[PDB]
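No hydrogens, no waters, no symmetry mates; every other heavy atom, side chains included, goes into these values. Heads up: numbering here begins at 1 and tracks the sequence.
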Amino acid sequence: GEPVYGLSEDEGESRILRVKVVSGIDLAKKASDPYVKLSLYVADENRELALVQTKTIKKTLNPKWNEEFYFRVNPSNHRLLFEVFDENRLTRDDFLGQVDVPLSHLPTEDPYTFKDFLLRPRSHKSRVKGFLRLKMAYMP
């Protein structure tokens with residue numbers, strides 16, 4: 001009774017993963033107007049399977065999104081990328097950091113169990129700061 005992101009390629013390998021994007025914490029100042037873009041993708045192939053973004057919160061380095069998403073995923077072969085961007089009107093949105101999560105060993109839970117994931121740069125050559133607070137668990 002909720003929207004699901006991703007279409008199955010093999011129904012005998014997919015599972016429903018619940019993801020809540022809670023908040024961003026202590027983001028880098030590069031007006032800061034953050035949102036998170038979530039990309040479900042196939043590992044190794046680096047092939048996008050579903051793309052969705054949170055609302056933008058205006059003028060903050062400590063945005064509280066509290067948004068929930070359900071994804072259709074293959075736990076062994078898919079990964080979820082979270083990228084934080086600063087939304088801009090007249091220039092490309094600025095990248096603020098990422099968290100790339102494997103889905104193979106996430107807990108399972110029928111709907112303080114969030115985790116604060118360290119934001120990482122796109123390349124080793126850059127630096128970001130802060131954390132992205134996420135809760136993720138499979139539907140049984």
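Checking side-chain atoms of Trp65 against main-chain N and O of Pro34 turns up a donor-acceptor pair under 3.5 Å. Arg18 places no side-chain N or O within donor-acceptor distance of the main-chain N or O of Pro111, the cut-off being under 3.5 Å. Distance alone, capped at 3.5 Å, places no donor-acceptor pair between the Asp100 side chain and the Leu81 backbone.
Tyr41 and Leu17 end up in different hydrophobic clusters when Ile, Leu, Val, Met, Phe, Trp and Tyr side chains are linked at under 4.5 Å. Note on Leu80 and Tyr138: same hydrophobic cluster, where clusters join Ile, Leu, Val, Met, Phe, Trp and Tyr whose side-chain heavy atoms are under 4.5 Å apart, directly or indirectly.
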**Request:** Output, in order, the C-alpha distance, side-chain angles, deciding distance and verdict of side chain to side chain contact (heavy atoms under 4.5 Å, CB included) for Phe131 and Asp26.
**Result:** CA-CA 7 Å; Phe131 297 85; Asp26 190 22; 5.7 Å; no
**Message:** Run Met136 and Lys20 through side chain to side chain contact (heavy atoms under 4.5 Å, CB included) and show every step you take.
**Reply:** CA-CA 6 Å; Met136 301 174 274; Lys20 173 175 183 106; over 6 Å; no
**Prompt:** Between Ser8 and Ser14, does a side-chain hydrogen bond (donor to acceptor under 3.5 Å, both in side chains) hold up when you go through it step by step?
**Reply:** CA-CA 7 Å; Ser8 273; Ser14 59; 2.7 Å; yes
**Message:** Run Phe85 and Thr56 through side chain to side chain contact (heavy atoms under 4.5 Å, CB included) and show every step you take.
**Reply:** CA-CA 9 Å; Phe85 284 100; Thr56 295; over 6 Å; no
**Request:** Check step by step if side chain to side chain contact (heavy atoms under 4.5 Å, CB included) holds for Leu119 and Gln98.
**Result:** CA-CA 5 Å; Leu119 291 161; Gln98 73 184 25; 5.7 Å; no
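Between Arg15 and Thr108 the shortest side-chain heavy-atom distance falls below 4.5 Å.
Judged as a side chain to side chain donor-acceptor pair (under 3.5 Å), and not counting sequence neighbours, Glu48 has no contacts. Checked against side chain to side chain contact (heavy atoms under 4.5 Å, CB included), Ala137 has the following partners two or more places apart in sequence or in another chain: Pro107, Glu109, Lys135. For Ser123, the side chain to side chain contact (heavy atoms under 4.5 Å, CB included) partners at least two apart in sequence or on another chain are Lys125, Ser126. Residues passing the salt bridge (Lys or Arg N to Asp or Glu O under 4.0 Å) test with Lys55 are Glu67, sequence neighbours excluded. With sequence neighbours excluded, the residues forming a side chain to side chain donor-acceptor pair (under 3.5 Å) with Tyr35 are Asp93, listed by chain and number. Not counting sequence neighbours, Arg120 has no partner by the side chain to side chain donor-acceptor pair (under 3.5 Å) test. With sequence neighbours left out, the ring-ring contact (aromatic ring centres under 6.0 Å, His included) criterion links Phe71 to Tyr5. Shown here are the side chain to side chain donor-acceptor pair (under 3.5 Å) partners of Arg92, two or more places apart in sequence or in another chain: there are none. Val42 pairs by the side chain to side chain contact (heavy atoms under 4.5 Å, CB included) definition with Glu45, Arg47, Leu49, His78, not counting sequence neighbours.
Heavy-atom neighbours of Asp44 CG from other residues, nucleotides or ligands within 6.0 Å: at or below the threshold of 12.
Listed by chain and number, the hydrophobic cluster partners of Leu90 come to none, as no ILVMFWY side chain reaches under 4.5 Å of it.
Evaluated for a side chain to side chain contact (heavy atoms under 4.5 Å, CB included) with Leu132, the options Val36, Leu27, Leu118, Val22 yield exactly one hit, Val36.
Here the closest heavy-atom approach between residue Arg72 and residue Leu40 is recorded as O-CD2, 3.4 Å. The nearest pair of heavy atoms linking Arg127 to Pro121 is N-CB, 4.1 Å. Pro63 and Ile57 get closest at one heavy-atom pair: CB-CG1, 3.8 Å.
Seen from the ring of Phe117, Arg133 does not count as a face-on cation partner, given the 6.0 Å and 45° thresholds.
Counting only N and O atoms by type, the side chains of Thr60 and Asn62 include no donor and acceptor under 3.5 Å apart.
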